[PDB]
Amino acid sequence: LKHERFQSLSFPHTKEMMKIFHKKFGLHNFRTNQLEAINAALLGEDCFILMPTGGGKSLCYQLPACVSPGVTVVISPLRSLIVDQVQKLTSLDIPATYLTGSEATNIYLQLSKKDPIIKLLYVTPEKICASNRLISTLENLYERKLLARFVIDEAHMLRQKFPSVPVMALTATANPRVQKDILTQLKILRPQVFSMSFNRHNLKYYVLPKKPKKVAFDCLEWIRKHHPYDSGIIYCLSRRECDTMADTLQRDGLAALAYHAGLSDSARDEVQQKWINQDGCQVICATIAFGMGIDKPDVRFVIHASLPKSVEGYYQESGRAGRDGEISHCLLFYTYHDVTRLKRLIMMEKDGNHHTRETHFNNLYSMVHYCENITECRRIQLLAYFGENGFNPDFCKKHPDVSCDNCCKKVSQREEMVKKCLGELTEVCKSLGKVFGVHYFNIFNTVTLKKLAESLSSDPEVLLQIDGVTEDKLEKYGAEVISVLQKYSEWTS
């Protein structure tokens, strides 16, 4: 009943909320739970949002941040999230900045002005639990009624100084024990809880037989056939496996780079920037901690070249594929020889007891159960592991384009022009990204670029009807994008 009122478009804030949604974000339709969480936030409620990767958590706090006077402070332990969101917001001409760790002094000075201007201020938990200058800046905003909200983006002491400021916590963790632990911490606030299925609608799950001395050649062949020009990740069990996987792909002309703790800080920074920008690196061959630290929205494939340690690890590692919502593939190469490799690592782990080993073995038991279960829908298997009941077993049958492997068991001239145009528009976004200091997908994302190419239009009134196209973006990037589209005028209709 409280949640049905959160579906209303008749609040005092609705007109401004919808104006900013359409004109500043360039959007047209809300996704599951977005309108409800946004309305609860603008009504002053504390919120807890449980939403999988790709669901659209960012808009849940960024759109209320734009509507409200003053500053929304966003706490996040993920540096990749902070950099991505500040680039995204800056590209949209939404004032935003971060404090993670002289440049801080300029931010504190701007926040103290009559008009702080900054709408979203991103900070790390370490920065907000140590910087006394940040605390007094927040005190100054609070006294002028310009401290709008505290957000924790990926929620996996401060309420005493600012008790009237609402809190919004968001998480993509499917672990129900972690979800309940976060809710326990927020319980005194009596937050509105918005939950939904953790099913990743756009991911295709596969489990393939692994040849222990030939998996690199199978990766190379699959990538050339399905995603020759798209980014991907190959997760490996060890640093040496990363290096041999990258070596093998490099010897065959595929731009692959190993990404792990063995690299120097200089080499890590170079591999990260080449892969994020599609600049001389198509695939990163990574250990789990390293692959989970980079936030690219258009990862078209995640391949697990060896067995993951747990289903929770598998879901969260494969799950970062396709944050843009476009179809992506999640291939797990399975051999029981990798179970033995993992058991040896478990037995040799330093400071390990029968309990830590038992925990690791129990995690391995469930991962192998998924690999050996060749009948039940893989979407159902993943959600059953996390205790999510009520998932439609017919999902893969209803959407065969994203069917898991267990449920599985012509080009026109105008479309050729659409593909050529899309290629030129992506190249334009890469050159614009260098000029504006953002990654190409923060000039225009995958879906916006795909729809711009499909239109083949150079009319701003048509282009402004596409999701993600905004008047502020056409003022900054429009001459370049429209110059490309103009060349396709014979094919528009």
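Heads up: residue numbers just count along the shown sequence, starting at 1.
Missing deposited residues between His156 and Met157: 10 or more, all without coordinates in the entry. According to the record, 10 or more deposited residues between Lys409 and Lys410 are left without atomic coordinates.
Between the stretches 51-59 and 432-440, it is 432-440 that shows the larger average CA temperature factor. Two stretches are in play, 268-276 and 297-305, and the higher mean C-alpha B-factor belongs to 268-276. Of the candidates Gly322, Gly313, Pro191, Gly352, the one whose C-alpha carries the top B factor in the deposited record is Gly352. You'll see in the entry that, of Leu257, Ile380, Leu92, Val215, the Cα B factor peaks at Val215. Ranked by C-alpha B-factor against the other modelled residues of its chain, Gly390 falls in the highest third.
Per the deposited record, the Cα B-factor of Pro64 falls in the lowest third when ranked against the other modelled residues of its chain.
The entry lists a Cα temperature factor for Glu461 that places it in the highest third of the chain's modelled residues.
In this PDB entry, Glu241 carries a Cα temperature factor that places it within the lowest third of its chain's modelled residues. In the deposited entry, the Cα temperature factor of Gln110 places it in the highest third of its chain's modelled residues.
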